[PDB]
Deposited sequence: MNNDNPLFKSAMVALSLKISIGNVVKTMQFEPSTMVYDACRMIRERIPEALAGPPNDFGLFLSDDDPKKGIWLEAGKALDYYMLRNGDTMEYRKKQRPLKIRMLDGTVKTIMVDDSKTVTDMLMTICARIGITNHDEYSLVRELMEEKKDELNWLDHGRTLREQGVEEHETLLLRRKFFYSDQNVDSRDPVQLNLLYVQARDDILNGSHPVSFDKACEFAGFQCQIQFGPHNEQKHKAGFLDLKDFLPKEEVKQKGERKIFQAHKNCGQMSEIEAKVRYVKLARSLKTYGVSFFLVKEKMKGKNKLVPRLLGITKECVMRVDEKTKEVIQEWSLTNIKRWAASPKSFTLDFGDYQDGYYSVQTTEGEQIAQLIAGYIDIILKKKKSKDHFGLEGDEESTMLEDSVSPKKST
């Protein structure tokens, strides 16, 4: 009855659904068309494609799993991306707002290039707020699960466009100085040290935790009063690390509280910070790993600590430092999604190989600290 002059064989042309907001139009493309030229063709056919300067827009191949969506490169041909008839591409603004929690706790929205890695977005953030040394910072989620691989994209790590991230200064021993003369700065150091102890990222023995809590009582309640500060008074979850919340700790806390005497709030904060910094565990990033002991088939949980100068094994119950290796004496390291391994060359016999789901975190920390020592050499 009638033939169609528009028809091209399914094999010689690509038929793609182009989406812009709620608008969707099916368009036909020669498969060798460069992404840059396909955008021009879209601008000629979809009026909502003209909603801004032409080079502000690009092509995004979406997926039902958002972690698999990808931006197309402007110099590539469409058929490089293995597209087939019926696939859906988004004509999409290349920059997008990223909400970042600033160092003063407020949230600032920052336009970033949505096709880039977390490192690239961190650099854009630091540029906007005047931070030249972006290597002193990183982005983390605020839901462990919060770590982000800065060599990968937010998207492939499950971070969608709605989520606010935290700009976080890395730990520096040089960022600290205990002076009762600056009360505001003393309080920030106190709250940082206290929160690390209470949330267990600074692992301490049960005896030490009750000592810290004794200073905490002086700070929060003033000198000990045996009428008010009696058995049952304390909400022990606010004074002891999660894993160490035990009724038998209260009597020890009150003794440490009593031993403060009439110590002032300022002086108790100084002493809290000093006690924390006096521990070998202070400032160390710890990972709970599982070790294989000779002569036991059940693996042994152990705390593995990474610092700027060494790697350290710490007993999980007593928090005693069992063993230390200097970063200088590590020959190589390896990480998989389930394990982490250290090779010490001829410094010892056998590798140190542990089960953990945070091996990549550990490896990047070691690699980071090793580069710093190198950059300080040349």
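**OP:** Report the unmodelled segments of the deposited sequence as residue ranges counted from 1.
**Re:** Deposited residues absent from the model fall in 1, 145-150, 386-411.
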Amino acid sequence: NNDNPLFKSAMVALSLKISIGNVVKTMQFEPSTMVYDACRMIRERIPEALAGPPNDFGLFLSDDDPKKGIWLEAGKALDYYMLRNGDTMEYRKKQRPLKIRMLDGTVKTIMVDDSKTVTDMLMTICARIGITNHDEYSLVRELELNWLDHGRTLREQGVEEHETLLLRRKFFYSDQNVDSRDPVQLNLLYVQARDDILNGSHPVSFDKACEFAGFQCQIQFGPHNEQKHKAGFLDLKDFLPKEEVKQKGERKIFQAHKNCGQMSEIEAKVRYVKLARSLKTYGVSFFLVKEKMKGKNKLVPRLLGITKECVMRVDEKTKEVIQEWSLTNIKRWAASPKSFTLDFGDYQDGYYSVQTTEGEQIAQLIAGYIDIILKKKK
From here on, numbers count along this sequence of modelled residues.
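Original post:
Which has the higher mean CA temperature factor in the PDB entry, 295-303 or 215-223?
Top reply: Between 295-303 and 215-223, it is 295-303 that shows the higher mean C-alpha B-factor.
Original post:
Looking at the deposited entry, does 181-189 or 278-286 carry the larger mean Cα B-factor?
Top reply: Per the deposited B-factors, the answer is 181-189.
**OP:** For the C-alpha B-factor as written in the entry, point me to the maximum among 353, 55, 33, 318.
**Re:** Answer for 353, 55, 33, 318: 318, with the highest C-alpha B-factor.
Subject >> Per the PDB entry, maximal CA B factor within 143, 234, 125, 72 >> reply: So the option with the highest C-alpha B-factor is 143.
Original post:
So where's residue 361 on the chain's Cα temperature factor ranking, which third?
Top reply: As the PDB entry reports it, the C-alpha B-factor of residue 361 lands in the lowest third of its chain.
Subject >> Third assignment of residue 41 from its chain's C-alpha B-factors >> reply: According to the entry, residue 41 has a C-alpha B-factor in the chain's middle third.
**OP:** Pull the Cα B-factor of residue 348 out of the PDB entry and bin it into the chain's lowest, middle or highest third.
**Re:** Tercile = highest for this residue's CA B-factor.
Original post:
Relative to the other modelled residues in the chain, which third contains the C-alpha temperature factor of residue 194: lowest, middle or highest?
Top reply: Lowest third.
Original post:
Taking the entry's C-alpha B-factors for this chain, is residue 171 in the lowest, middle or highest third?
Top reply: Its C-alpha B-factor, which the entry lists for residue 171, ranks in the highest third among residues of this chain.
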